[PDB]
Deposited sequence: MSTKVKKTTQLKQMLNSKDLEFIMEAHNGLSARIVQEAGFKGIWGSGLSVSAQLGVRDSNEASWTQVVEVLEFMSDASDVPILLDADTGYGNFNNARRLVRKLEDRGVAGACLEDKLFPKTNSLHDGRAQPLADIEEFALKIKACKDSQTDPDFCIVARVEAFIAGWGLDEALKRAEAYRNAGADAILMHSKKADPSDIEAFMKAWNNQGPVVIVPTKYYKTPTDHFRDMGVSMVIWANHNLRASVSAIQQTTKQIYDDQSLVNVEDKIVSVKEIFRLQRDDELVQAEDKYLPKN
């Protein structure tokens, strides 16, 4: 009953640490849902990856939106899309925001990097962008999460903060502060400086050893597990493909994998079996 946009809104603004898991297609979206996660992360790298292309705007934004439409169709929990820089200027970003709203997607995460191709995009430009998105939403609960690439690009806390504040002031519903460092330093230094001006979102891929409660004490609002399903999937597929190739039989894979009937259950095949008995004449 609760709108997906709204569910994501509540998680960002909640005073408790929330988690969203990555998914990259309709199938993974259902699995993340059944597992119990309260939200899905539409990973830009995972989506371009499963398509077999590079994470550098190769697939058009509409090809990415369609993958997300199928993902949205197969889940009841909100999906926060990793939308790069919005695939163009403020106009492309607002057009994207309206299409996602209509597809059932709950929010979009935009970063302040240059597009296409450590200078980044102008703060005022990217601020006007968030604001454009914010002024274009037809659903007040759709979320725009601003991602600051200051630390990653080599700038200091100063650049980060200045950016986060400009974005939060433009209307961002949350700030995703990232760091490629192997520990949470840029983040702890940010958390102190931030002053809790708004919910903060982190991607602990590189400092994954840092305990999670440490994120609770820093006041962090939401954590993103960024790409582990794509990575888990590739390993399993590489393994099974090698296994079958070498064996020239299925004897060594059949019991190490999900049955065909578990596939049908995930596709909700029974609902159709039942609709067909009710809708197909005698």
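Novice: Checking coverage: what stretches of the deposited chain sequence are missing C-alpha positions?
Specialist: Holes in the chain trace, numbered from 1: 1 to 3, 121 to 129, 295.
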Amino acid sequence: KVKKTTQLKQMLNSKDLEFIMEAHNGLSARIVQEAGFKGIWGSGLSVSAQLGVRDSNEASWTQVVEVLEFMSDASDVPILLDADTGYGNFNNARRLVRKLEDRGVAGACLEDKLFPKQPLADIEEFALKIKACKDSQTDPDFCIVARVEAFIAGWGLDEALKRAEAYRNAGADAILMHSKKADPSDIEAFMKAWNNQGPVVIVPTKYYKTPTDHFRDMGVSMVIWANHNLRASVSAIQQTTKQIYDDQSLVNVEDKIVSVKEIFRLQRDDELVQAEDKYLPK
From here on, numbers count along this sequence of modelled residues.
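By rigid core we mean the largest C-alpha set that fits within 1.5 Å across both forms.
Novice: After a core fit, does 85 to 93 or 128 to 136 show the bigger CA gap to the shown form in 4 other deposited structures of this protein?
Specialist: Evaluated in 4 other deposited structures of this protein, the stretch farther from the shown form is 85 to 93.
Novice: Name the stretch, 118 to 126 or 194 to 202, whose C-alpha atoms sit farther from the shown form on average in 4 other deposited structures of this protein, taking the rigid core as the superposition reference.
Specialist: Comparing 118 to 126 with 194 to 202, the larger C-alpha deviation in 4 other deposited structures of this protein belongs to 118 to 126.
Novice: Name the higher of the two by mean Cα B-factor in the PDB entry, 127 to 135 versus 146 to 154.
Specialist: Comparing 127 to 135 with 146 to 154, the higher mean C-alpha B-factor belongs to 146 to 154.
Novice: Using only C-alpha atoms and the B-factors in the entry, which stretch averages higher, 186 to 194 or 104 to 112?
Specialist: Averaged over C-alpha atoms, the B-factors run higher in 186 to 194.
Novice: Comparing recorded Cα B-factors across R231, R30, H214, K242, which one is largest?
Specialist: If I rank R231, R30, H214, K242 by C-alpha B-factor, first place goes to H214.
Novice: In the PDB entry, which of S72, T85, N91, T210 has its C-alpha at the highest B-factor?
Specialist: The listed residue with the largest C-alpha B-factor is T210.
Novice: Mind checking which third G39 falls in for C-alpha B-factor across the chain?
Specialist: CA B-factor rank for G39: middle third.
Novice: Sorting the chain's CA B-factors, does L120 end up in the lowest, middle or highest third?
Specialist: Tercile = highest for this residue's CA B-factor.
Novice: Of the three thirds of its chain by CA temperature factor, lowest, middle or highest, which one includes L12?
Specialist: It falls in the middle third of the chain.
Novice: By the record's CA B-factor, is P204 among the lowest, middle or highest third of residues in the chain?
Specialist: CA B-factor rank for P204: highest third.
Novice: In terms of the chain's CA B-factor thirds, is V53 lowest, middle or highest?
Specialist: Answer is lowest: the recorded C-alpha B-factor places it there.
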